[PDB]
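Chains as they are written, first to last, in PDB author numbering: chain B, -1 to 393; chain A, 3 to 222, 228 to 393. Heads up: the structure comes next, in structure tokens.
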Ligand SMILES: [Cl-]
Ligand code: NA
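What follows is the structure, encoded as structure tokens:
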């Protein structure tokens, strides 16, 4: 049905008109989820499950309380809030690509694509979009904001069943979203987690991406630095990165080597999926992420069968590459490159490290916030993004 | 039962044990099997060579077979072997045994690993009963459930527990049965680490035979050595996700796989498929996963893996602290996870016995029970000194 929605006017110059989209999870799926949560079995007490500091992952107590809360969680109000933002799909290379958008009425608005990672989604950016639409009407909005679901995530289909699919394919398909909307003349990319790899690939390989801002730059100490110049904050950063490599990367190895096994396993029960993903919302955040937010994201993954389709990126590091992606001259960013440092990112990277990976024209450090920067610190994230775009955009 | 006479000289009489899973447990399992949901089709799940793990098709077929799986015949077969428990350090320790009538029979403990159990050794025990009567049996055979596995309780809720604790407790099973004068240990998988610890640190263990020796190449070539190195590299690169996850986030994965029996089946089935040389029948996989489910084994069973996080200076097998000075034997099965040539294994102990096989993989006793028994007999006869 025709549905007028503010901020939904397709930019002049779009070559393909996207199909309007709204989320409508069926009643039977909602009923079913309540049943499957209720009847899920819980592990018995173990030494590891009783460690309240989560040294061995989620606690039994956390999971039992989350299961109880989930019984009464109501998807419909969350769905209504999602549907207050314009959403669309395109058909690109046989994939359905879902995206959220805020479109300006200004002919020369700055186009921006925001790129989520794993185990996130477009949901990570809705607080940011809320701030944007409260500050700007469609007529005063300086930007077009496009928040796509990566292939394999939520309402995006795929990846294909008959061919391998990697980060370069992801970037090519996301670039086509922006080209379809008429942004061949240029757009800015922003990414964290896997989205930071996609954003780097867009900036390095695709003409339409003119600049990129990242809040993650996964790398070791670059070989081109001969020194050890070491400050207290640099101490915390190296310690957290070392914690992540030794104790925090089980999911990377499992996703990267046996994605079919873990995808089959976590499809069986929503509480299996909650265990796996909840650990990351708890451990990776600087600002505590509310249980309701965790349940919302895991519920969305459950309804859309996201998890088994979402982990294809991880195998690109098996066997270990000759050079890490960020440390490879093949992927050095020559275009204007910005970075924001959040101290509880998984691998917090000092400026001197990041500078070895591209033409770093913008640097902003923060005192608060971790891996889920937009979700945890939406206004800090937005202030960085708009400052970067206004600094680098050349019309 | 034949072979159930407790050896004379046992200092603690073990309590007889039988498996009797309740109808309620069986029907709870079938409920949750039927409730389980399948993955959507994915590229990774369509790879018939299992390069990314189990196929979606294998799991769907295995789930369907599970709905027709009857636990009671399997349970009856288990209960056809003498079984017992001891209370050791506040743990219930289950074990299967065949006891000889010969006063000076050679005692042997057979040590399972993960995701195995005493079930792995029942074909060997069957071979033993086919070959010997209680009067002619040369050995006392003890097959314990490690702490945290199937009918053994624990590990403790309030303190950490490691391989040295495991060996201390298992040694006490043998001491309780009167074997302080000596016994032989045999191990694969984590059982090979337990067997090494027994031989190095415990007086009553007089010799040890291993069918795994997890190590890198010592700093000090045939086509077989080439295939061995390639398999070891495959295991290190693509086969060790479960090690990192078990070793760093055991509570997360223990909680996740406890929610659904089909989650557990996915995780464990992959290993019975990839680790075997001889194809392991689906029924055998279902029996093992079913037993793990009824006994809530999985979250209790993975405590060993965190011992290598952070990675120690030297691998356990390569550490002089764990060099085996007592008589040490090794059997090479080509589809072991890290197949180790003789010159490698020899650096880790007083290797007096070597046997190579053309067939068989990681689950040597389960896959090749006659070869396993032949090796065990040959080793014990060579090294036992009264
Ligand atoms: Cl981001
Ligand atoms: Na996104």
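Cβ atoms here follow ideal geometry from the backbone N, Cα and C, with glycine treated the same way.
Residue 147 of chain A is outside the set of residues whose beta carbon lies under 8 Å from a beta carbon in chain B. One Cα belongs to residue 186 of chain B, the other to residue 388 of chain B, and the distance between them is close to 11 Å. Residue environment for residue 257 of chain B: buried (at least 16 other C-beta atoms within 10 angstroms of its C-beta). Closer than 7 Å to some heavy atom of ligand 2: that does not describe the Cβ of residue 327 of chain B.
In this structure, the C-beta of residue 175 of chain B stays at least 7 Å away from each heavy atom of ligand 2. The beta carbons of residue 139 of chain B and residue 44 of chain A sit about 38 Å from each other, so the pair does not count as a contact at 8 Å. Around ligand 2, the residues whose beta-carbon falls short of 7 Å from at least one of its heavy atoms are B/112, B/113, B/114, B/120, B/123, B/145, B/146, B/147, B/148 and B/193, given in chain order. Pairwise C-beta distances place the region 6 to 19 of chain B in contact with the region 166 to 179 of chain B, as three or more of them are shorter than 8 Å. In this structure, the C-beta of residue 190 of chain B approaches ligand 1 to less than 7 Å from one of its heavy atoms. DSSP places residue 334 of chain A within a strand segment (E or B) once states are collapsed to three. In the three-state reduction of the DSSP assignment, residue 84 of chain A falls in the coil class. Counted as a single uninterrupted DSSP element, the beta strand (DSSP E) harbouring residue 94 of chain B occupies residues 93 to 100. The count of Cβ pairs closer than 8 Å, one atom from the region 331 to 346 of chain A and one from the region 271 to 285 of chain A, reaches three, so the stretches are in contact. DSSP places residue 301 of chain B outside any beta strand (DSSP E); the residue lies instead in the alpha helix (DSSP H), whose first and last residues are 289 to 301. Between residue 98 of chain B and residue 84 of chain B, the CB-CB gap stays under 8 Å. Relative to ligand 1, the beta carbon of residue 371 of chain B is positioned inside 7 Å of a heavy atom. Here the C-alpha atom of residue 241 of chain A lies approximately 25 Å from the C-alpha atom of residue 217 of chain B.
Shortest Cα-Cα distance from residue 16 of chain A to any of A/63, A/146 and A/357 involves A/146. The shortest CA-to-CA distance from residue 207 of chain B to any of B/234, B/236, B/195 and B/173 is the one to B/173. Looking at the backbone, the Cα of residue 290 of chain A and that of residue 66 of chain A are separated by about 12 Å. Chain-ordered, the chain A residues with CB closer than 8 Å to the CB of residue 58 of chain B read 258 and 262.
For residue 42 of chain A, the closest alpha carbon among the candidates A/62, A/24, A/334 and A/303 is that of A/62. Note: residue 200 of chain B is not bridge-paired with any residue in the DSSP secondary-structure output. DSSP links residue 361 of chain B through a beta bridge to B/337. By the criterion of at least three beta-carbon pairs nearer than 8 Å, the region 127 to 143 of chain A is not in contact with the region 297 to 305 of chain A. The continuous beta strand (DSSP E) containing residue 108 of chain A extends over residues 108 to 113. Taken in chain order, the complete alpha helix (DSSP H) segments of 4 or more residues contained in the region 165 to 194 of chain B are 165 to 178. Non-local C-beta neighbours of residue 271 of chain A in its own chain, meaning closer than 8 Å and more than five positions away in sequence, comprise 264, 265, 296, 299, 300 and 305, ordered along the chain. For chain A, the residues of the region 59 to 83 of chain B that bring a beta carbon within less than 8 Å of one of its beta carbons are 61, in chain order. In this structure, DSSP gives residue 22 of chain A a state outside helix and strand, which the three-state scheme calls coil. Residue 48 of chain B belongs to the set of residues whose beta carbon lies under 8 Å from a beta carbon in chain A. Beta-bridge analysis with DSSP links residue 209 of chain B to B/186.
Spanning the alpha carbons of residue 6 of chain B and residue 136 of chain B requires a straight line of approximately 9 Å.
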